[PDB]
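Trainee: Could you work out the structure for the sequence below:
(one chain, ligands or ions: 2)
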Amino acid sequence: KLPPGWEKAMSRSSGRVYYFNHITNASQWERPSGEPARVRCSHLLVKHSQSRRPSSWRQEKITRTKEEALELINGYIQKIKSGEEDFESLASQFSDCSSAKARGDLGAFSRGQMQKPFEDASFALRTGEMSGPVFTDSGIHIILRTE
Ligand SMILES: O=C(O)CCC(=O)c1cccs1
Ligand SMILES: [Cl-]
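Mentor: Numbers count the residues shown, from 1 in each chain. Ligands and ions are numbered 1, 2, ... in the order given. Below you will find the coordinate block:
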């Protein structure tokens, strides 16, 4: 049937079927079609007051709530998916990670290096695919698999 990680779902507003990935939190209308030692990813991080280090190059003291951080992430995802904004542009401007200065690029990595939710989402993404919101101890991430 469906590839692992994917499940069929129903739009509440339209009744149209869609597909949801519970490892990446990605959702899409089309049926996903069915692992390497290493992947390369970029990401955009939004931190919140409960982040492991609630501070970034953008803000000495990060005070936003987790719910506020999720709303910002959701808004960035909308603009990326509509093409109004580029992932790399939003990461350079608004990512609370030091990788913002590199358009969010993390380089290549193996399993066992990254926090587990981030690692699992990165390796379940197809090349070129974007995640939905991914939660870690650092905050909330949008992940783009580039290689
Ligand atoms: O933070 C850690 O414990 C390991 C590195 C890690 O997971 C990430 C750093 C940038 C994106 S996710
Ligand atoms: Cl804010």
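Trainee: What is the longest helix anywhere in the chain packed up against?
Mentor: Longest helix in the chain by number of residues, with DSSP state H as the criterion: helix 66-82. Packed against helix 66-82 by the contact rule (3 or more C-beta pairs under 8 Å, 6 or more residues apart in numbering; DSSP states H and E) you find strand 39-46, helix 87-94, strand 139-145. For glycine as for every other residue, the C-beta is placed from the backbone atoms N, C-alpha and C.
Trainee: Could you rerun that using 10 Å?
Mentor: Applying 3 or more C-beta pairs under 10 Å, 6 or more residues apart in numbering; DSSP states H and E, one finds that helix 66-82 makes contact with strand 39-46, helix 87-94, strand 134-136, strand 139-145.
Trainee: So what's the residue count around residue 80?
Mentor: Neighbourhood size, residue 80 [other C-beta atoms under 10 Å]: 20.
Trainee: how far is the longest helix of the chain from where the chain is centred?
Mentor: 10 Å (C-alpha atoms, centre = their mean, to the nearest Å).
Trainee: Can you name the residues that contact residue 51?
Mentor: Going by C-beta atoms under 10 Å, 6 or more residues apart in numbering, residue 51 touches 45, 62, 64, 66, 69, 96, 136, 137, 138, 139, 140.
Trainee: I figured residue 137 was touching residue 52, is that so?
Mentor: Yes. At 4.5 Å, residue 137 and residue 52 qualify as touching, with contact defined as C-beta atoms under 10 Å.
Trainee: what does this structure put close to ligand 1?
Mentor: Residues of the chain lying close to ligand 1 by C-beta under 6 Å from any ligand atom are 43, 97, 106, 114, 115, 118, 138.
Trainee: Narrow the residues you listed to those in helices?
Mentor: Residues of those located in helices (DSSP H): residue 118.
Trainee: which one of the residues of the chain next to ligand 1 is nearest residue 5?
Mentor: Residue 5 lies nearest to residue 118 out of the residues of the chain next to ligand 1, by C-beta to C-beta, at 15.3 Å.
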